[PDB]
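This report concerns only the one structure given below.
Note: hydrogens, waters and symmetry copies are ignored here, and every other heavy atom, side chains too, is used. Numbers here simply count residues along the sequence, with the first being 1.
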Amino acid sequence: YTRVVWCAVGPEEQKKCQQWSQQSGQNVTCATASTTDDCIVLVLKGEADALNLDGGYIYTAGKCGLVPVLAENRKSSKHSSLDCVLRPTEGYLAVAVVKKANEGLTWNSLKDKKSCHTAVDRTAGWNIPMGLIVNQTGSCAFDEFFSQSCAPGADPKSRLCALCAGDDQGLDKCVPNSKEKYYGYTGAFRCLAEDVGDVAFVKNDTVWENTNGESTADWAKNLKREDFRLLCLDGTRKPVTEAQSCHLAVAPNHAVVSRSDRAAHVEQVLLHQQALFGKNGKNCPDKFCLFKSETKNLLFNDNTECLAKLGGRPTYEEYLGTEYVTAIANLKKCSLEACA
Ligand SMILES: *[C@@H]1O[C@H](CO)[C@@H](O[C@@H]2O[C@H](CO)[C@@H](O[C@@H]3O[C@H](CO)[C@@H](O[C@H]4O[C@H](CO)[C@@H](O[C@H]5O[C@H](CO)[C@@H](O[C@H]6O[C@H](CO)[C@@H](O)[C@H](O)[C@@H]6O)[C@H](O)[C@@H]5O)[C@H](O)[C@@H]4O)[C@H](O)[C@@H]3O)[C@H](O)[C@H]2NC(C)=O)[C@H](O)[C@H]1NC(C)=O
Ligand SMILES: *[C@@H]1O[C@H](CO)[C@@H](O[C@@H]2O[C@H](CO)[C@@H](O[C@@H]3O[C@H](CO)[C@@H](O)[C@H](O)[C@@H]3O)[C@H](O)[C@H]2NC(C)=O)[C@H](O)[C@H]1NC(C)=O
Ligand SMILES: *[C@@H]1O[C@H](CO)[C@@H](O)[C@H](O)[C@H]1NC(C)=O
Ligand SMILES: [Fe+3]
Ligand SMILES: [Zn+2]
Ligand SMILES: [Zn+2]
């Protein structure tokens with residue numbers, strides 16, 4: 001009754017959710033689906049209560065009537081006075097990243113190169129870059145722009161899936177979940193770093209969390225920030241320390257969504273769960289930490305300080321902001337359960 005069914009996407013999120021479930025005394029339970037879109041349907045049906053979603057999916061979920069409940073909040077320098085849960089969200093920086101040794105590559109010469117995206121329909125991996133390109137290009141043929149790409153969630157037989165790798169056994173190629181090797185923020189950066197693609201569309205934090213010894217991960221043990229460059233909209237290349245003057249846009253933080261009729265309940269439970277397993281929670285380091293998953297960003301992003309209340313009880317459009325919402329609509333003109 002006062003229990004919440006979390007929806008996990010893929011088997012790695014399933015295992016993490018199962019651990020959370022066990023540590024919660026069954027206050028949290030788990031439903032699992034192969035894609036985020038499916039998890040969304042599970043929530044609409046009332047078979048699942050909630051999940052955390054990137055902005056692009058919140059637009060999908062919002063049209064079907066789901067609402068924003070609480071947002072991911074990472075630690076910041078400004079607004080230091082307020083507590084994390086009451087602290088305003090800041091938004092993340094969407095960037096395009098390349099190897100510095102790849103001289104001569106700029107925003108203006110991306111056509112026909114190889115791209116690495118977090119997944120179709122996500123903010124920094126798809127909506128922002130492809131929105132910009134369709135525009136600058138006056139064409140809806142975003143599938144013919146790059147020569148080859150890894151964009152999880154596209155047709156496995158298309159060039160958009162040419163560079164995706166699948167799992168250990170080469171199965172599940174291009175599925176939009178963590179079984180795909182190049183899925184998500186981490187997977188797209190790895191696609192760039194192993195030199196599978198020429199550019200990766202992720203967010204600023206990703207570059208920082210996987211270089212200069214921050215990851216220990218085999219593929220990233222030896223990655224140095226100086227070996228990378230951000231591509232700016234004015235045709236310039238800059239070091240990753242200049243993300244504030246060289247980004248594609250500021251994205252709205254990922255947020256937990258649920259059915260509006262379940263919102264108050266989902267909110268209550270999560271605030272208590274984070275007091276127990278959050279950053280400074282009663283049992284985090286010692287028993288279970290909600291916001292940790294070895295650089296894999298399972299259920300929540302690993303750099304999450306807390307889940308914050310929203311303020312102004314915003315609809316989904318208000319949460320994403322008028323700038324972002326029109327960007328998506330315009331892109332969608334190129335391309336229930338599509339409820340509107
Ligand atoms: C782009 O994204 C980045 C990444 O999110 C933003 O950079 C962050 O900026 C914030 C606020 O502006 C910085 O605030 C600091 O946060 C730190 C916590 O991460 C605090 O510093 C301590 O804790 C760090 C984490 O443990 C630690 O790491 C940093 O420094 C060392 C050496 O320089 C390196 O790694 C160390 O820690 C890791 C943890 O796993 C460990 O593996 C190592 O063994 C080291 O112990 C690493 O390079 C990293 O930079 C510090 O050593 C220190 O102990 C600090 O108190 C303060 O709150 C935040 O540090 C920045 N994030 C990182 C990871 O660099 C950036 O602002 C974004 N840009 C824009 C424009 O928005
Ligand atoms: C790709 O191109 C489209 C078409 O221009 C861009 O959409 C346009 O973007 C601007 C920014 O939001 C919109 O202008 C705004 O309009 C409102 C009122 O209409 C005004 O209050 C704001 O101050 C601002 O001027 C414009 O409406 C919108 N055009 C349409 C037809 O919806 C789009 O943003 C571009 N894509 C990306 C990803 O940048
Ligand atoms: C489970 O929820 C009940 C009711 O709120 C509460 O007594 C208990 O603190 C919760 N336990 C855990 C581990 O979340
Ligand atoms: Fe995102
Ligand atoms: Zn800006
Ligand atoms: Zn409002």
Between [X] and [Y], which heavy-atom pair has the shortest distance, and what is it?
X      : Y      : result
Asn73  : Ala308 : OD1-CB, 3.6 Å
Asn330 : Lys333 : O-CG, 3.1 Å
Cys7   : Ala48  : CB-CB, 4.1 Å
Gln148 : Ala162 : OE1-CB, 3.7 Å
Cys284 : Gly278 : CB-O, 2.9 Å
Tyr319 : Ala255 : OH-CB, 3.8 Å

To the nearest 0.5 Å, tell me how far [X] [atom1] sits from [Y] [atom2].
X      : Y      : atom1 : atom2 : answer
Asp227 : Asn102 : CG    : CG    : 12.0 Å
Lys114 : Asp112 : NZ    : CG    : 12.5 Å
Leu299 : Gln14  : CG    : CD    : 10.5 Å
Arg190 : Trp219 : CZ    : CH2   : 7.0 Å

- Return yes when the gap between the SG atoms of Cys30 and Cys17 is under 2.5 Å; return no otherwise. yes
- Item | Option from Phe228, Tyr183, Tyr182, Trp208 for which ring pair (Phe, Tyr, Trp, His ring centres under 6.0 Å) with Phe189 holds |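 Result: among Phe228, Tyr183, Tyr182, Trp208, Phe228 is the only option passing the ring pair (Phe, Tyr, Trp, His ring centres under 6.0 Å) with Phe189.
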Establish, from distance only, whether the side-chain atoms of [X] and [Y] form a donor-acceptor pair under 3.5 Å.
X      : Y      : answer
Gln136 : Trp107 : yes
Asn52  : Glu72  : yes
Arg74  : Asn253 : yes
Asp37  : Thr60  : no
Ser293 : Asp302 : yes

- Are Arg122 and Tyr185 in a cation-pi contact, defined as NZ or CZ under 6.0 Å from the six-membered ring centre and within 45° of the axis? yes
- Answer yes or no on whether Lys279 is positioned over the face of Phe291, meaning its NZ or CZ is under 6.0 Å from the six-membered ring centre and within 45° of the axis.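 No, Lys279 and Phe291 do not form such a contact.
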- Run the salt-bridge test on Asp198 and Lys113 with the 4.0 Å N-O cut-off and return the result as yes or no.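 No.
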- Query: Does a salt bridge link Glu305 with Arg87, judged by any charged N lying under 4.0 Å from a carboxylate O?
  - Reply: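 So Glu305 pairs with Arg87 through a salt bridge.
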Counting heavy atoms not belonging to [X], are there more than 12 under 6.0 Å from its [atom1]?
X      : atom1 : value
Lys63  : NZ    : yes
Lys287 : NZ    : no
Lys15  : NZ    : no

Hydrophobic cluster membership, [X] vs [Y], 4.5 Å side-chain cutoff:
X      : Y      : answer
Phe146 : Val202 : no
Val199 : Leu223 : no
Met130 : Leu132 : yes

Please check if the side chain of [X] supplies one atom and the backbone of [Y] the other of a donor-acceptor pair under 3.5 Å.
X      : Y      : answer
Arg259 : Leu44  : yes
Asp54  : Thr123 : yes
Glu13  : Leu298 : no
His265 : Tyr1   : yes

- Determine, step by step, whether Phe277 and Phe300 satisfy the ring-ring contact (aromatic ring centres under 6.0 Å, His included) criterion, reporting the C-alpha distance in whole Å, the side-chain angles of both residues, the deciding distance to 0.1 Å, and the verdict. CA-CA 12 Å; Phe277 310 110; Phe300 297 101; over 10 Å; no
- Is the distance between the ring centroids of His254 and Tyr92 less than 6.0 Å?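 Close enough - the centres of the two rings lie under 6.0 Å apart.
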- Item | Candidate pair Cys164 and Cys150, rule disulfide bond (SG atoms under 2.5 Å apart), full reasoning | CA-CA 5 Å; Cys164 302; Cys150 176; 2.0 Å; yes
